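Visitor: Got input-v5.txt for you, compact mmCIF, N, CA, C and O atoms:
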# COMPACT_ATOMS: atom_id res chain seq x y z
N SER A 1 2.80 3.69 3.74
CA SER A 1 3.04 3.20 5.08
C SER A 1 1.76 3.43 5.86
O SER A 1 1.04 4.41 5.64
N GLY A 2 1.46 2.49 6.73
CA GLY A 2 0.32 2.61 7.60
C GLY A 2 0.80 2.59 9.03
O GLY A 2 2.00 2.50 9.30
N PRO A 3 -0.14 2.69 9.99
CA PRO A 3 0.21 2.72 11.41
C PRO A 3 0.55 1.35 12.00
O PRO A 3 0.04 0.95 13.05
N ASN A 4 1.43 0.62 11.32
CA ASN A 4 1.86 -0.69 11.79
C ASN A 4 3.38 -0.80 11.76
O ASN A 4 4.10 0.10 11.30
N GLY A 5 3.87 -1.91 12.30
CA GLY A 5 5.26 -2.25 12.20
C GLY A 5 5.58 -2.73 10.80
O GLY A 5 5.06 -2.20 9.81
N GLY A 6 6.47 -3.69 10.69
CA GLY A 6 6.69 -4.27 9.39
C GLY A 6 7.35 -3.32 8.40
O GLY A 6 7.80 -2.21 8.71
N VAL A 7 7.39 -3.79 7.16
CA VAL A 7 8.15 -3.16 6.10
C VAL A 7 7.21 -2.76 4.97
O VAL A 7 6.30 -3.52 4.60
N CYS A 8 7.41 -1.56 4.46
CA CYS A 8 6.68 -1.03 3.32
C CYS A 8 7.66 -0.26 2.46
O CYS A 8 8.14 0.80 2.88
N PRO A 9 8.02 -0.75 1.28
CA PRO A 9 8.96 0.00 0.43
C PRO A 9 8.38 1.34 0.03
O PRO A 9 7.16 1.50 -0.10
N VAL A 10 9.26 2.33 -0.13
CA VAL A 10 8.86 3.66 -0.56
C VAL A 10 8.79 3.70 -2.07
O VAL A 10 9.82 3.77 -2.74
N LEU A 11 7.59 3.66 -2.62
CA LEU A 11 7.44 3.61 -4.06
C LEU A 11 6.03 4.04 -4.47
O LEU A 11 5.15 4.17 -3.63
N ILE A 12 5.82 4.25 -5.77
CA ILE A 12 4.49 4.47 -6.34
C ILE A 12 3.93 3.13 -6.82
O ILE A 12 4.50 2.52 -7.70
N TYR A 13 2.81 2.70 -6.23
CA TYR A 13 2.26 1.36 -6.48
C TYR A 13 0.75 1.51 -6.37
O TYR A 13 0.24 1.97 -5.35
N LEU A 14 0.04 1.18 -7.44
CA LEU A 14 -1.41 1.31 -7.46
C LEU A 14 -2.05 0.16 -6.70
O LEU A 14 -1.53 -0.96 -6.69
N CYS A 15 -3.20 0.43 -6.09
CA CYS A 15 -3.87 -0.59 -5.29
C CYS A 15 -5.36 -0.28 -5.21
O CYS A 15 -5.79 0.86 -5.38
N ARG A 16 -6.13 -1.33 -4.91
CA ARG A 16 -7.57 -1.23 -4.71
C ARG A 16 -8.00 -1.60 -3.31
O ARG A 16 -9.17 -1.43 -2.97
N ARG A 17 -7.08 -2.09 -2.48
CA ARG A 17 -7.30 -2.59 -1.13
C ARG A 17 -5.91 -2.88 -0.58
O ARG A 17 -4.93 -2.95 -1.33
N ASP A 18 -5.83 -3.02 0.74
CA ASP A 18 -4.54 -3.24 1.40
C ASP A 18 -3.81 -4.46 0.83
O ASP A 18 -2.59 -4.45 0.69
N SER A 19 -4.55 -5.54 0.56
CA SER A 19 -3.89 -6.79 0.17
C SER A 19 -3.21 -6.69 -1.19
O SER A 19 -2.39 -7.56 -1.52
N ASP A 20 -3.53 -5.69 -2.00
CA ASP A 20 -2.82 -5.50 -3.26
C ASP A 20 -1.39 -5.02 -3.04
O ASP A 20 -0.53 -5.23 -3.90
N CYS A 21 -1.12 -4.37 -1.92
CA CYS A 21 0.17 -3.74 -1.70
C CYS A 21 1.17 -4.72 -1.12
O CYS A 21 0.81 -5.60 -0.34
N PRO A 22 2.45 -4.58 -1.46
CA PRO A 22 3.45 -5.48 -0.88
C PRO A 22 3.66 -5.21 0.60
O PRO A 22 3.24 -4.19 1.15
N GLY A 23 4.30 -6.18 1.25
CA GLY A 23 4.66 -6.04 2.65
C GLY A 23 3.46 -5.71 3.50
O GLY A 23 2.35 -6.23 3.31
N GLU A 24 3.68 -4.83 4.47
CA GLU A 24 2.64 -4.36 5.36
C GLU A 24 2.16 -2.97 4.99
O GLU A 24 1.63 -2.25 5.84
N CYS A 25 2.36 -2.57 3.74
CA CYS A 25 1.80 -1.31 3.29
C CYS A 25 0.27 -1.38 3.32
O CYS A 25 -0.33 -2.44 3.11
N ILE A 26 -0.36 -0.22 3.50
CA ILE A 26 -1.79 -0.09 3.34
C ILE A 26 -2.10 0.62 2.03
O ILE A 26 -1.27 1.30 1.44
N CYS A 27 -3.35 0.50 1.59
CA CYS A 27 -3.81 1.23 0.42
C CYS A 27 -4.56 2.47 0.87
O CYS A 27 -5.60 2.38 1.53
N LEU A 28 -4.03 3.64 0.51
CA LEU A 28 -4.68 4.90 0.81
C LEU A 28 -6.01 5.00 0.06
O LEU A 28 -6.27 4.26 -0.90
N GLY A 29 -6.85 5.93 0.51
CA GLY A 29 -8.21 6.05 0.01
C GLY A 29 -8.33 6.39 -1.46
O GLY A 29 -9.42 6.25 -2.03
N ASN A 30 -7.23 6.81 -2.09
CA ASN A 30 -7.20 7.17 -3.50
C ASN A 30 -6.46 6.15 -4.36
O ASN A 30 -6.15 6.43 -5.52
N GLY A 31 -6.15 4.97 -3.82
CA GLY A 31 -5.62 3.89 -4.63
C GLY A 31 -4.12 3.84 -4.77
O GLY A 31 -3.62 3.30 -5.77
N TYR A 32 -3.37 4.34 -3.80
CA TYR A 32 -1.92 4.23 -3.80
C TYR A 32 -1.46 3.61 -2.49
O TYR A 32 -2.04 3.87 -1.43
N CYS A 33 -0.42 2.80 -2.57
CA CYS A 33 0.13 2.19 -1.38
C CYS A 33 0.91 3.20 -0.56
O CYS A 33 1.54 4.13 -1.09
N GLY A 34 0.86 3.03 0.75
CA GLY A 34 1.64 3.85 1.64
C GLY A 34 1.92 3.12 2.93
O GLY A 34 1.36 2.04 3.17
Would you mind writing the structure in this file as structure tokens?
Guide:
Amino acid sequence: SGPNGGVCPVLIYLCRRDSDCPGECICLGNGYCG
């Protein structure tokens, strides 16, 4: 989850940038969606 509205499922999901993550989740600095 990031500091936005919208929806971000609670899960373990690997990422390299925000756009890899579903919904409005962000990609944390270590490569996981939040």
Visitor: Just how far from atom N of residue 21 of chain A is atom CA of residue 3 of chain A, in Å to one decimal?
Guide: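 Distance reported for this atom pair: 15.2 Å.
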Visitor: Identify, on the basis of all atoms listed in the file, every residue whose closest approach to segment 22-29 of chain A does not exceed 6 Å; exclude the query and any residue fewer than 5 positions from it along the same chain; express the result as a count of residues only.
Guide: 10
Visitor: Considering only C-alpha atoms, return as a PyMOL selection string whatever protein or nucleic-acid residues lie within 7 Å of residue 14 of chain A, sequence-local ones (same chain, fewer than 3 positions apart) excluded.
Guide: chain A and resi 31-33
Visitor: What's the separation between atom C of residue 4 of chain A and atom O of residue 30 of chain A, in Å to one decimal place?
Guide: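 Between atom C of residue 4 of chain A and atom O of residue 30 of chain A the gap works out to 21.0 Å.
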Visitor: DSSP on the backbone, then: every residue of chain A marked strand (DSSP E or B), written as number ranges by chain.
Guide: A: 14, 27, 32-33
Visitor: To box segment 10-26 of chain A, take all atoms listed in the file, fit an axis-aligned box, add 6 Å on each side, and give centre and edge lengths in Å to one decimal, as lines of an AutoDock Vina configuration file.
Guide:
center_x = 0.3
center_y = -1.5
center_z = -0.9
size_x = 31.0
size_y = 24.0
size_z = 25.5
Visitor: Taking only N, CA and C atoms, show segment 6-30 of chain A of the given structure as a tab-separated table (two decimals), in the first residue's frame.
Guide:
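result-v9.tsv written:
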chain	number	residue	atom	x	y	z
A	6	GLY	N	-7.63	4.42	-3.59
A	6	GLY	CA	-7.61	3.22	-4.40
A	6	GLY	C	-7.44	1.94	-3.60
A	7	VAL	N	-7.24	0.87	-4.35
A	7	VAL	CA	-7.26	-0.48	-3.82
A	7	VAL	C	-5.92	-1.15	-4.07
A	8	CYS	N	-5.42	-1.83	-3.06
A	8	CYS	CA	-4.19	-2.61	-3.13
A	8	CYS	C	-4.42	-3.89	-2.34
A	9	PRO	N	-4.51	-5.05	-2.99
A	9	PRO	CA	-4.71	-6.29	-2.24
A	9	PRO	C	-3.53	-6.57	-1.32
A	10	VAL	N	-3.82	-7.20	-0.19
A	10	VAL	CA	-2.79	-7.58	0.77
A	10	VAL	C	-2.20	-8.91	0.38
A	11	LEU	N	-1.01	-8.89	-0.20
A	11	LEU	CA	-0.41	-10.12	-0.69
A	11	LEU	C	1.10	-9.94	-0.87
A	12	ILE	N	1.81	-11.04	-1.11
A	12	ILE	CA	3.21	-11.02	-1.50
A	12	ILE	C	3.32	-11.06	-3.02
A	13	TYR	N	3.88	-10.01	-3.62
A	13	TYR	CA	3.89	-9.83	-5.07
A	13	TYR	C	5.19	-9.12	-5.40
A	14	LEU	N	6.02	-9.74	-6.23
A	14	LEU	CA	7.31	-9.16	-6.58
A	14	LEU	C	7.12	-8.07	-7.63
A	15	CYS	N	7.99	-7.07	-7.58
A	15	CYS	CA	7.87	-5.95	-8.51
A	15	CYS	C	9.23	-5.28	-8.69
A	16	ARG	N	9.35	-4.56	-9.81
A	16	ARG	CA	10.54	-3.79	-10.13
A	16	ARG	C	10.27	-2.30	-10.22
A	17	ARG	N	9.01	-1.89	-10.14
A	17	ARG	CA	8.53	-0.52	-10.29
A	17	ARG	C	7.04	-0.58	-9.96
A	18	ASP	N	6.46	0.59	-9.70
A	18	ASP	CA	5.06	0.66	-9.30
A	18	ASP	C	4.14	-0.01	-10.32
A	19	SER	N	4.42	0.19	-11.62
A	19	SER	CA	3.49	-0.29	-12.64
A	19	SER	C	3.42	-1.81	-12.70
A	20	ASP	N	4.38	-2.52	-12.11
A	20	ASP	CA	4.28	-3.98	-12.05
A	20	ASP	C	3.19	-4.44	-11.10
A	21	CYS	N	2.85	-3.63	-10.12
A	21	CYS	CA	1.94	-4.05	-9.06
A	21	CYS	C	0.49	-3.83	-9.47
A	22	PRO	N	-0.42	-4.70	-9.03
A	22	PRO	CA	-1.83	-4.49	-9.35
A	22	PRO	C	-2.41	-3.28	-8.64
A	23	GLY	N	-3.57	-2.85	-9.13
A	23	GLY	CA	-4.29	-1.76	-8.50
A	23	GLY	C	-3.44	-0.53	-8.36
A	24	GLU	N	-3.60	0.14	-7.23
A	24	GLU	CA	-2.84	1.33	-6.90
A	24	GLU	C	-1.74	1.03	-5.89
A	25	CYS	N	-1.31	-0.23	-5.81
A	25	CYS	CA	-0.16	-0.55	-4.98
A	25	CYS	C	1.09	0.13	-5.53
A	26	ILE	N	2.02	0.43	-4.63
A	26	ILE	CA	3.35	0.88	-5.02
A	26	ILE	C	4.35	-0.26	-4.85
A	27	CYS	N	5.52	-0.11	-5.47
A	27	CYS	CA	6.60	-1.06	-5.29
A	27	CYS	C	7.59	-0.48	-4.28
A	28	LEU	N	7.73	-1.17	-3.15
A	28	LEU	CA	8.70	-0.77	-2.14
A	28	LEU	C	10.12	-0.90	-2.68
A	29	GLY	N	11.06	-0.25	-1.99
A	29	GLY	CA	12.43	-0.14	-2.46
A	29	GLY	C	13.17	-1.45	-2.59
A	30	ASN	N	12.62	-2.54	-2.03
A	30	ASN	CA	13.23	-3.86	-2.08
A	30	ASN	C	12.49	-4.82	-3.00
